[PDB]
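Protein chains in written order, with the numbering used here: chain A, -16 to 366; chain B, 8 to 82; chain C, 3 to 440; chain D, 337 to 421; chain E, 63 to 116; chain F, 26 to 149.
Just below is one structure, and these are the notes that go with it.
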Amino acid sequence: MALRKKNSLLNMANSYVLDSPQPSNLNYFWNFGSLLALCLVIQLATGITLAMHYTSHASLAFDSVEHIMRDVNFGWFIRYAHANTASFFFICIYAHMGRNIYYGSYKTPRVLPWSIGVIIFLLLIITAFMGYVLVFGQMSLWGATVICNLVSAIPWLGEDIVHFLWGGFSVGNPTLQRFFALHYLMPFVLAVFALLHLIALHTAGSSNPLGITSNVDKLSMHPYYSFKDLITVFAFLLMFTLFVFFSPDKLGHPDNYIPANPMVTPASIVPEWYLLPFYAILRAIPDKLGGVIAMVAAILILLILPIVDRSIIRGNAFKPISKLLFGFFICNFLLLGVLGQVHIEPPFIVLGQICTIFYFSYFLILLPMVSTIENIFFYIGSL
Amino acid sequence: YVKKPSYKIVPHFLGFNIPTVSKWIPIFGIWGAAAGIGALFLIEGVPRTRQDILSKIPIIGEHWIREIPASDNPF
Amino acid sequence: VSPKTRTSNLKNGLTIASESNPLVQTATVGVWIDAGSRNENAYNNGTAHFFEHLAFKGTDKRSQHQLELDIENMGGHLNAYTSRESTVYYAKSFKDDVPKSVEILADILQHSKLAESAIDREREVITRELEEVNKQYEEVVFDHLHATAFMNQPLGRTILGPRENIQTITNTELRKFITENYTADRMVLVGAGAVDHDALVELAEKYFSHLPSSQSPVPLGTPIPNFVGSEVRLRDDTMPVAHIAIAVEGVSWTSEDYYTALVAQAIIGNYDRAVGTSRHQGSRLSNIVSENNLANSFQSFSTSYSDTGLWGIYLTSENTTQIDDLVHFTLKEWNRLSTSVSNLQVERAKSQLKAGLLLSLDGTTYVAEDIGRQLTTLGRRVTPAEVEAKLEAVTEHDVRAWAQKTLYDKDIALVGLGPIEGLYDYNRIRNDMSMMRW
Amino acid sequence: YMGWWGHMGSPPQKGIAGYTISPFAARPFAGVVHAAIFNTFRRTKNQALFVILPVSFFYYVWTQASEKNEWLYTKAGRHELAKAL
Amino acid sequence: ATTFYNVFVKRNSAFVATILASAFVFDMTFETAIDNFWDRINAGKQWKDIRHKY
Amino acid sequence: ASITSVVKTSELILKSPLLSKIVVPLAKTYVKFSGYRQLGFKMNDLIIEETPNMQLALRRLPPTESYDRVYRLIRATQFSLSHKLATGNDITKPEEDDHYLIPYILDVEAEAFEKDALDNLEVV
Ligand code: HEM
Ligand code: HEM
Ligand SMILES: CCCCCCCCCCCCO[C@@H]1O[C@H](CO)[C@@H](O[C@H]2O[C@H](CO)[C@@H](O)[C@H](O)[C@H]2O)[C@H](O)[C@H]1O
């Protein structure tokens, strides 16, 4: 027996990256998995390097980031790489979740990797939010203020919990130092969950774009998907290069280059672009607590896709009505994103509410209805 | 003479029926008490828990009404 | 509606009990004795079984050969068995051959030779039986199960007795045993099938009238057992099938919980992959085991004695890597007798038992065994009407209450024989006797 | 649900003969021009509606919303703004 | 004594409830008892013992 | 959802003259636009099979049907990876789109649903 199969440790590697049997028809949307792993590795490498130059104390934090930009050799690159890869991480994670929703990767037998994935998504959001605060510019501080005060909505204990998170009476030095420690840690927790959802997936193997079994026709992960993954790695690095080297601040907020000032509140406080859809959902509900619950529910509702999709067919490749509904859902998610960054003014107030209703009604009404109807149309249609 | 066996199907859902669940109702009660006792115990230190819950308990409640003398409190 | 079981006594105190069936042409008469291995001490353990081999080795009148011929000439046969608490000697014959059979039985019990030459001859036959029971796995498992459950107590002893006693049993000890134990107040002459009761009572007055009465006549089925949670593992990797029994201390014949225990046993039930219908049985455990091929078979049992019992299950499996699952699921099904059983399971099992207790009584030997067993354990035959009322009195609440006192979190006796590498240690088995979720 | 090489969990296969040639024997870019033009046009044409419909609708909605918003915060839109608040 | 087992130990829900309630009682009483013990062995040494002068 | 549910609901529709008059033409166009026939699949090839019930139904297929199903899946997987469509005889014609699997799964499910019902019976 060959070594890679004999030796317990090598065999674990082998089982995941080399002999792993994959469907032979995975399309390029199966490549986001590896890009997300690449983002995770870039973030770890750049993040650990930034940690060697950054000072978490609020009197020095912003200046330490300027010191990285100006004084540390290639500091500019490491900082921009870290900040831009945070954006690319979300593009790829949304792409990956989009792939999973369209192709019914959440259905049995892959509910577990899907459900662990929803947790990974929450951890990514928390990681990225804390990292943003560490710059301690104006958006850093004011973002932390707004977002941590959402916990004030928890009845009875809310206020006490916020002061406990802050380590004080407002966002300040204690908060920044604790966010540093947690921002360092959270990516390791995230990597563990990423690995767990893979281990969970390995029982069923990858889905494929037809939604039929691949047990009939498998391909080794290497060399075929190894070399196919290189294409998107180089495509990603080209996009990375254009941002990092030529437009490093396109995805950022200028206000974060002003030092945090607890007195002056910035003209518009928006979160980073990738949180904007959830921000729009929060604004849609007028109640404080309602808004928080809605915002959280917008993520946790993903957990019910296994239930509300009633289809006898996995994924949308063959379901014209489901494909149209999916298209509208995705465009609505982008509209929510846009409404997250407009001013709270007419007519965007009402529009935001309608988009929020559409977001939830996809899971609760339309997908269950449409999937039931398409079941019937396939049966009657093929009689 | 009996022509057919005499039975009905009780309503069920995900393999649970009301006769079975009703036997477990008390047990959820006790676990809820255990969770209540446990939760309250974990936050007994939280000042709000003492102020709003624990100090209002008859007899026992004076255990949680404790003042630092003004002379010994720097803040 | 079955014909009435008639019961008469003699002067000495021998009970005669009969159930006539004028639809059959054959009759089973015999003597049920409220005595067995349990009545021996440690020095004469094996005596009762020894005697059973010598009862047929000739009497004062007929030699061994004459005896053989006399029974051959009857047309039917004689049969005997000794258990822990009961000894039976019966004769199946034709209708009109019953006077011959009662005469032969009376002869072999009262007037047996027990000649030193025959003691010495059987001493080798019985020694060879020690090395051939080894094959009857069910009995090996249950004999070890009694041995461990009732460790160093009379019920824990084997029926055959140790090798050492077989070599030292004398005609004196044999004589003393049957003189002390086979007394009229401990015996029941039973007839089933084509027998007249009044004819049978006359035959008893003719043959069993000069039986000794005991000094202190206690009623029939009168008894201190202290169950030991324990295990015996007899691992044998060369065996293809594992046999496992698990038991808790069960109920005596006269327990108030006797029927409740039967209902509980019926909820778990039996299973056998060789029987066609078994994959469709209602029992939860049956479903789990059949879907997962965890076992070849299982058999719930509730063995009763005068003052104790064992209640448990006997499992056989070739699936040697999943014995852990089989045992896990079995004991979790027992947990549900304490936590979950509702009128659904209880009413289903009562329906199954209301018939089951009557269906067992097929031919004359089963009827005779039923009359004999009930008379020597309860002192009366319980009519089907009484049995139907006692079963109807078992509620779901009673089953739960019984299980919570008898099974839940209780010590088990556990015997595994064969390729039982996969059977976990005692603690992990015993830990399945409760549910942490409840 | 999935095994491993040698016991993958396919239903039994029989009667399919598979043929292929070495990567060194094949032109990797054979018929690339035809594919890049005709095949991509076919695949794009068949999916175009599922993209165009939602994109066009949400872009129209956004355009109407952004134009109204812009107009409400002009002088001309003073009255309509006052009513909207 | 059967009754005690049956009520507080037989159901694990009950046993865990009992353990946590006992932990609550223990925690509160042990705190008070150590406070008093510590004050007796360190008598006249602590601030609370000299505070009265000021 | 269960195949049983889909089949029962479809039978309710096909019974009602009104309903069938409006649904049958819609369902036929749906299936034409679905386009699974363009990869040489039969409708039943698409049904999710990673459930114990469906694994049982597939095991109950006659050998011939089973071998041909495997071929259609392999063939379709190859069309998918090549980004080609079936041509000629590989396209499933409407007359070849037979419900080869529906009877087997309906029987598997019928027994599993009977089993669930009977596990909940109450002696009256
Ligand atoms: C750090 C973030 C993540 C990484 C690095 C990651 C990585 C991967 C990889 C490598 C695979 C296998 C190949 C592939 O299908 O692309 C995969 C599959 C999967 N991931 Fe993720 N993932 C991440 C986040 C998520 C999230 C947030 C979800 C869900 C909300 C998710 C759900 C899944 C599912 C369901 C599959 C199985 C899909 C299939 O192959 O059909 N993952 N992931
Ligand atoms: C999933 C992994 C990670 C994500 C998504 C992430 C995201 C971010 C984000 C969004 C920022 C704000 C960037 C800016 O505008 O300047 C940031 C800053 C930072 N991150 Fe991370 N990060 C990750 C991992 C790490 C790790 C592992 C470290 C190790 C310490 C780290 C250290 C830092 C430091 C020191 C800063 C502050 C300096 C700066 O703003 O560039 N990050 N991170
Ligand atoms: C992704 C980065 C590379 C490192 C590997 C990822 C770390 C996770 C590995 C530990 C998780 C356990 O991983 C588990 O291991 C065993 C053997 O290694 C695999 O077992 C599989 O492969 C081996 C041979 O290759 C067979 O004996 C077995 O029949 C098959 O199921 C499991 O399918 C996989 O789920």
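Built from N, CA and C at the ideal position, the CB exists for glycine as well.
(request) Run down chain B in chain order and give the residues with a C-beta less than 7 Å from the C-beta of residue 78 (chain E). (result) Correct list: 41.
(request) Determine, using beta carbons only, whether residue 148 (chain F) comes closer than 8 Å to chain C. (result) Yes, contact with chain C.
(request) State the DSSP-derived secondary structure class of residue 81 (chain C), mapped to helix, strand or coil. (result) The DSSP-derived three-state label of residue 81 (chain C) is strand.
(message) Give me the residue from E:78, E:95, E:63 with the minimum Cα distance to residue 43 (chain B).
(response) The shortest C-alpha separation from residue 43 (chain B) is found at E:78.
(message) Helix, strand or coil, according to DSSP, for residue 155 (chain A) in the structure here?
(response) Correct three-state label for residue 155 (chain A): coil.
(message) Distance check for residue 299 (chain C) and residue 355 (chain C), CA to CA, integer angstroms please.
(response) Residue 355 (chain C) and residue 299 (chain C) have their alpha carbons spaced roughly 20 Å apart.
(request) Thinking residue 195 (chain C) and residue 29 (chain C) are a contact (beta carbons under 8 Å), I'd like their distance in whole angstroms, please. (result) Residue 195 (chain C) to residue 29 (chain C), Cβ: 4 Å. Contact.
(message) Could you tell me which whole beta strand (DSSP E) segments of length 3 or greater appear in the segment 277 to 342 of chain C?
(response) Fully enclosed beta strand (DSSP E) runs of 3 or longer: 299 to 306, 311 to 319.
(message) Would residue 8 (chain A) and residue 192 (chain A) be called neighbours here (beta carbons separated by less than 8 Å)?
(response) Using a Cβ distance threshold of 8 Å, residue 8 (chain A) and residue 192 (chain A) count as a contacting pair.
(request) Can you tell me the Cβ-Cβ gap for residue 389 (chain C) and residue 363 (chain C), rounded? I've got them flagged as a contact below 8 Å. (result) Actually they are not in contact, since the Cβ atoms of residue 389 (chain C) and residue 363 (chain C) sit about 11 Å apart, beyond 8 Å.
(request) Could you tell me if residue -16 (chain A) is buried or exposed, where buried requires 16 or more neighbouring beta carbons within 10 angstroms of its beta carbon? (result) Sixteen is the threshold: since fewer than 16 other Cβ atoms of the shown chains lie within 10 Å of the Cβ of residue -16 (chain A), the residue is exposed.
(message) Restricting to Cα atoms, I'd like to know which of C:392, C:332, C:307 is closest to residue 315 (chain C).
(response) The residue among C:392, C:332, C:307 with its C-alpha nearest the C-alpha of residue 315 (chain C) is C:332.
(message) Counting only Cβ pairs nearer than 8 Å, list the residues of chain A close to residue 61 (chain F).
(response) Here the neighbours are 301.
(request) Note down, in chain order, every chain F residue with its Cβ under 9 Å from the Cβ of residue 349 (chain D). (result) Residues of chain F whose Cβ lies closer than 9 Å to the Cβ of residue 349 (chain D) are, in chain order, 92, 95, 96, 99.
(message) Quick check: is any heavy atom of ligand 3 less than 7 Å from the C-beta of residue 419 (chain D)?
(response) Between ligand 3 and the CB of residue 419 (chain D), the shortest heavy atom gap is not smaller than 7 Å.
(message) Just to confirm before moving on: does the CB-CB distance between residue 60 (chain A) and residue 56 (chain F) stay below 8 Å?
(response) Contact: no.
(message) Suppose contacts are defined by Cβ-Cβ distances below 8 Å. Is residue 71 (chain F) in contact with residue 126 (chain F) by that definition?
(response) Taking 8 Å as the cut-off, the Cβ atoms of residue 71 (chain F) and residue 126 (chain F) do not count as close.
(request) Could I get the ranges of all uninterrupted alpha helix (DSSP H) runs contained in the segment 60 to 94 of chain F, with 4 residues as the minimum, in chain order? (result) The segment 60 to 94 of chain F contains these whole alpha helix (DSSP H) runs: 77 to 84.
(request) Measure from the C-beta of residue 48 (chain B) to each C-beta in chain E and report whether the shortest distance is under 8 Å. (result) With 8 Å as the cut-off, residue 48 (chain B) counts as an interface residue toward chain E.
(request) Determine the closest residue to residue 311 (chain A) out of A:272, A:263, A:85, A:163, with distance taken between C-alpha atoms. (result) That would be A:85, whose Cα lies nearest to the Cα of residue 311 (chain A).
(message) Taking CB distances under 8 Å as the criterion, tell me whether residue 357 (chain D) reaches chain F.
(response) So, not an interface residue.
(request) Indicate the three-state DSSP secondary structure (helix, strand or coil) for residue 189 (chain C) in the structure shown. (result) Residue state, collapsed to three classes: strand.
(request) Express the C-alpha separation of residue 27 (chain F) and residue 133 (chain F) in angstroms, rounding to a whole number. (result) If you take the alpha carbons of residue 133 (chain F) and residue 27 (chain F), they lie about 11 Å apart.
(message) Among C:285, C:32, C:241, C:260, whose alpha-carbon lies nearest the alpha-carbon of residue 520 (chain C)?
(response) Within the shown structure, residues of chain C are numbered from 3 to 440, placing residue 520 (chain C) beyond reach of any answer.
(request) List in chain order: all unbroken alpha helix (DSSP H) runs of 4+ residues lying wholly within the segment 282 to 335 of chain A. (result) DSSP runs (the alpha helix (DSSP H)) wholly in the segment 282 to 335 of chain A: 288 to 291, 303 to 322.
(request) Take residue 3 (chain A) and list the residues in its own chain whose beta-carbon comes closer than 6 Å to its own, dropping the five residues that flank it on each side. (result) For residue 3 (chain A), same chain residues with a beta-carbon under 6 Å away, outside a window of 5 residues either side, are 204 in chain order.
(message) Is it buried or exposed, residue 69 (chain F), if we count other Cβ atoms within 10 angstroms and call 16 or more buried?
(response) Label assigned to residue 69 (chain F): buried.
(request) Specify, as a first and last residue, the run of the beta strand (DSSP E) that residue 89 (chain C) falls within. (result) That run of the beta strand (DSSP E) goes 89 to 96.
(request) Kindly indicate if chain B contains any beta-carbon less than 8 Å away from that of residue 85 (chain E). (result) Yes, contact with chain B.
(request) Would you verify that the beta carbon of residue 143 (chain A) is, or is not, closer than 8 Å to some beta carbon of chain B? (result) At least one chain B Cβ lies under 8 Å of residue 143 (chain A).
(request) Go ahead and label residue 96 (chain E) buried or exposed: buried means 16 or more other beta carbons lie within 10 angstroms of its beta carbon, across all protein chains shown. (result) So residue 96 (chain E) ends up on the exposed side.
(request) Identify each residue in the segment 241 to 261 of chain C for which the Cβ-Cβ distance to at least one residue of chain E is less than 7 Å, and report them in chain order. (result) Those residues of the segment 241 to 261 of chain C that come within reach of chain E (Cβ to Cβ, closer than 7 Å) do not exist; the list is empty.
(request) Spell out the partners DSSP gives residue 5 (chain A) in its beta bridges. (result) In the DSSP secondary-structure assignment, residue 5 (chain A) is bridged to A:202.
(request) Starting from residue 15 (chain B), follow its DSSP beta bridges and name the residues at the other end. (result) For residue 15 (chain B), DSSP records a beta bridge to F:147.
(request) Identify, in the order they occur along the chain, each residue of the same chain with its Cβ nearer than 6 Å to the Cβ of residue 122 (chain F), setting aside the five sequence neighbours on each side. (result) For residue 122 (chain F), where only same-chain residues beyond five positions count, the Cβ hits under 6 Å are 67, 68.
(request) Confirm, please, whether the CB-CB distance from residue 168 (chain C) to residue 422 (chain C) is below 8 Å. (result) For the 8 Å CB-CB criterion, residue 422 (chain C) and residue 168 (chain C) do not form a contact.
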